[PDB]
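# Coordinates in review
Spelled out from the first residue to the last, the chains are:
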Amino acid sequence: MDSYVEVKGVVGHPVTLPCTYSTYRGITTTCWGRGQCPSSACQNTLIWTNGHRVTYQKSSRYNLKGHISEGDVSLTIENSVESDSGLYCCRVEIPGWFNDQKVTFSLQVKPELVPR
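Criteria and thresholds
- Residues numbered from 1 in each chain as written, not as in the entry; some residues may be left out.
- Heavy atoms only, no water.
- Pairing = 2+ DSSP bridges.
- Helix = DSSP H or I, 4+ residues; strand = E, 2+ residues; numbered from the N terminus.
- Core = buried A, V, L, I, M, F, W, Y, C linked by side-chain atoms within 4.5 Å.
- Buried < 20%, exposed > 50% of the residue type's maximum accessible area, 1.4 Å probe, protein only.
- UniProt positions renumbered as here; feature names shortened; annotations may be inferred.
- Axes fitted to C-alpha atoms, helices over the stretch in contact; angles between N-to-C directions.
- Polar contact = N/O pair within 3.5 Å; in protein donor to acceptor, adjacent residues only side chain to side chain.
- Contact = heavy atoms within 4.5 Å.

Deposited coordinates in this entry are attributed by the record to X-ray crystallography, at a stated resolution of 2.5 Å.

Per the PDB entry, the recorded name for the chain is Hepatitis A virus cellular receptor 1 homolog, and the organism is Mus musculus.

Here it is, written out as structure tokens:
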């Protein structure tokens, strides 16, 4: 099953990429990247967490507004544009060798109103 999460946002409003993981084994790091999830960490990194808070954000338009320490690492791109459409990668570094939780998103931001 080679498949990704489809996400749809409308220009001018914030679009969210839902990404979560269980902390049943304790807190952990996460990176966000533009482009598909590859092998080792994220490519075109947008975000990095230390486990409790964001420690790296490529731009202020990228924010994790959920309870990060609870397991909610969802990415929120403020004021989306057609420009944001593309693949996104959410990687959760879980225990084990070459074993990260990888989720690729396919985002589409279209205008909410196309004229008359």
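### Observations regarding the sheet that holds strand 6 (residues 62-63)
With antiparallel pairing, the 3 strands of this open sheet are ordered in space as 2-7-6. The open sheet has two edge strands, strand 2 (15-17) and strand 6, and neither has a second partner. Taken together, the 2 bridges between strand 6 and strand 7 (residues 75-77) define a ladder with antiparallel strand orientation. Among the inter-strand pairings, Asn63 is bridged to a residue of strand 7, identified as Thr76.

### Focus on the nonpolar core
Judged by nonpolar contacts, the single largest core of 20 residues is most densely connected at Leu17, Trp32, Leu75, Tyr88, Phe105 and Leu107. Broken down by secondary-structure element, the contributors of at least two residues to this core are strand 2, strand 4 (45-49), strand 7, strand 8 (86-92) and strand 9 (101-110).

### Section: the UniProt feature "domain: Ig-like V-type" in the chain
Per the UniProt record, the feature "domain: Ig-like V-type" sits at residues 4-104. The straight-line gap between the two end C-alpha atoms of residues 4-104 is 5 Å; of that span, 0% is helix and 39% is strand.

### As for the sheet that holds strand 3 (residues 30-34)
Here we have 6 strands laid out as an open sheet, ordered 1-9-8-3-4-5, and mixed in their pairing. One side of each edge strand has no neighbouring strand; the edge strands of this open sheet are strand 1 (5-10) and strand 5 (54-57). For this sheet the average axis-to-axis angle between neighbouring strands, irrespective of direction, equals 20 degrees. Judged from the 5 bridges that link them, strand 3 and strand 8 form a sheet pairing that is antiparallel. The partner of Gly33 across the bridge, within strand 8, is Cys89.

### Description of the side chain of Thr28
Checked against the element boundaries, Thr28 lands in the loop between strand 2 and strand 3. On the accessibility criterion, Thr28 (16% relative accessible area) is buried. A polar contact of 2.4 Å, which involves the side chain of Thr28, links it to the backbone oxygen of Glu93. Apart from residues lying up to four places away in sequence, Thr28 is in contact with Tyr21, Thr49, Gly51, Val92 and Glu93.

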